[PDB]
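To keep things clear, I will list the structure first and then write my remarks on it.
Cβ sites come from the backbone with ideal geometry, for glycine too, and all protein chains shown count toward neighbours. Derivation of every value follows stated rules applied to the coordinates shown; laboratory data play no part.
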């Protein structure tokens with residue numbers, strides 16, 4: 001049995017957004033007792049809807065449940081910035097719950113901003129430890145999505161890269177960090193390494209050289 | 001307030017057992033069944049089973065028979081789930097939840113379980129030296145297990161500080177970075193020290209970061 005949800009939706013404050021929940025067995029019925037639960041950062045789950053379109057205790061009136069066609073639905077009217085979260089549905093099948101895959105709901109509560117990027121070369125201390133890490137600091141962007149690409153001189157490098165999932169700054173914009181691990185040999189043997197950050201509003205490339 | 005307070009994070013070797021507790025307060029414990037849920041890979045949710053505090057009746061997801069055992073102690077308002085014969089497949093965040101009338105009303109805070117035979121490894125710390133405002137930071141390399149915490153100037157510095165989530169690397173070790181945006185005019189006359197704490201290895205490092 002498989003429960004299917006949209007993977008991502010985007011809305012804005014004050015808008016109406018509708019999430020849906022499909023059952024692979026056929027039509028969702030009120031006897032599937034569709035539940036909706038909300039996941040926020042730091043593993044914070046909150047019940048929203050269950051039973052038959054019943055709101056959980058303390059849930060704002062703007063959340064409501066219904067059936068739409070053969071699917072269960074969660075409607076958020078007048079969406080708020082706080083409604084950004086992952087929404088999971090769960091359906092009951094006589095003797096067990098089955099969860100959908102979740103919908104990532106973005107609420108654009110901020111003017112879009114392309115990041116400020118600072119690229120740090122490996123420190124001489126780390127090179128003396130026979131290691132090399134380039135650090136690409138990606139700050140003050142919105143929404144919380146960027147693409148990062150690394151180059152050795154003018155050629156792409158994919159191996160040895162790890163990027164953080166965007167994290168919220170205290171000003172509600174996002175930051176992220178990307179790391180390229182190299183040997184000291186590799187670092188000294190190219191003219192330059194670059195970190196290229198792509199955001200909807202701008203692409204910026206920063207470059208560092210061992211000299 | 002309604003609280004479902006779960007026991008703390010667990011790091012255990014393959015083949016061991018763990019018992020997770022979930023204590024309810026601030027509601028009528030016997031008005032709710034206690035559901036248990038596993039979240040793997042930080043994404044997908046599976047229902048493990050449910051127990052009724054009034055009569056110890058239980059229902060299980062057949063996939064968890066012989067893995068999970070649900071018990072309850074009405075008098076202390078605590079539900080428990082024992083997980084046995086642990087493998088890396090059991091590494092996950094586990095949740096208890098209070099349900100009534102086919103509705104998940106209340107959620108615990110989650111219990112992180114890591115099944116691993118890896119040994120503790122303390123971090124190496126390197127400066128991210130600065131070269132309007134300037135960015136500087138500290139790079140915390142190749143440690144295990146989480147967490148590392150970072151302050152600046154023993155907590156006296158917080159404006160412009162962002163400590164990133166760790167990355168999990170191919171090696172199985174973690175790395176993270178902490179950065180501060182400061183006035184350029186303060187470079188060379190203000191001391192900036194990152195204080196890196198890795199409690200699992202009993203390690204603390206202070207690194208003064210200089211231009």
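Measuring r between the beta carbons of residue A:52 and residue A:113 and using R0 = 35 Å, the FRET efficiency lands at 0.25. Quick check of the Kirkwood formula: for the protein assembly as shown, what is the inverse mean of 1/r over all pairs of different Cα atoms, in Å? After inverting the pairwise mean of 1/r, the radius is 23.9 Å.
Going from the fewest other Cβ atoms within 10 Å to the most, the residues A:42, A:153 appear in the order A:42, A:153. Prolate is the label for segment A:125-211, because the ratio a/c of its alpha-carbon gyration tensor axes (a ≥ b ≥ c) is 1.5 or higher and a/b is greater than b/c.
When the helix-only estimate is applied to the protein assembly as shown (DSSP H runs of n ≥ 4, each -39,500 (n - 2.57), divided by the residue count), what is the mean residue ellipticity at 222 nm, nearest 500 deg cm²/dmol? Theoretical 222 nm ellipticity from helices: -500 deg cm²/dmol. Relative contact order (percent) for chain A, with alpha-carbon contacts under 8 angstrom and 6 or more residues of separation? For chain A, the relative contact order is 18 percent. Across peptide B:101-113, the average count of Cβ atoms from other chains found within 10 Å of a residue's Cβ is 6.
In chain B, the DSSP beta bridges split such that about 95 percent are antiparallel, to the nearest 5. Rounded to the nearest 0.05, the FRET efficiency derived from the C-beta distance between residue B:169 and residue B:189 at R0 = 30 Å is 0.25.
Stokes-Einstein, applied to the Kirkwood radius of chain B over Cα pairs at a viscosity of 0.890 mPa s and 25 °C, places its translational diffusion at 124 µm² s⁻¹.
Within the protein assembly as shown, antiparallel bridges make up roughly 95 percent of the DSSP beta bridges whose residues both belong there.
Each peptide in A:124-133, A:85-94 receives the mean, over its residues, of other Cβ atoms within 10 Å, and ordering these scores from highest gives A:85-94, A:124-133.
As a size descriptor, the averaged projected area of the C-alpha convex hull of segment B:129-194 was calculated at 4.9 nm². The mean number of Cβ atoms from other chains found within 10 Å of a Cβ in peptide B:27-38 is 1, as a whole number. Take each residue of peptide B:165-174, count the partner chain Cβ atoms within 10 Å of its Cβ, and average: the result is 3. Rg then Dmax, both in Å and based on the Cα atoms of chain A: 22.6, 69. Label positions at residue A:168 and residue B:154, each projected 7 Å from the Cα along the C-beta direction, are separated by 3.2 nm. Each part gets one Cα centre, and for segment A:61-120 versus segment B:1-22 those centres are 28 Å apart.
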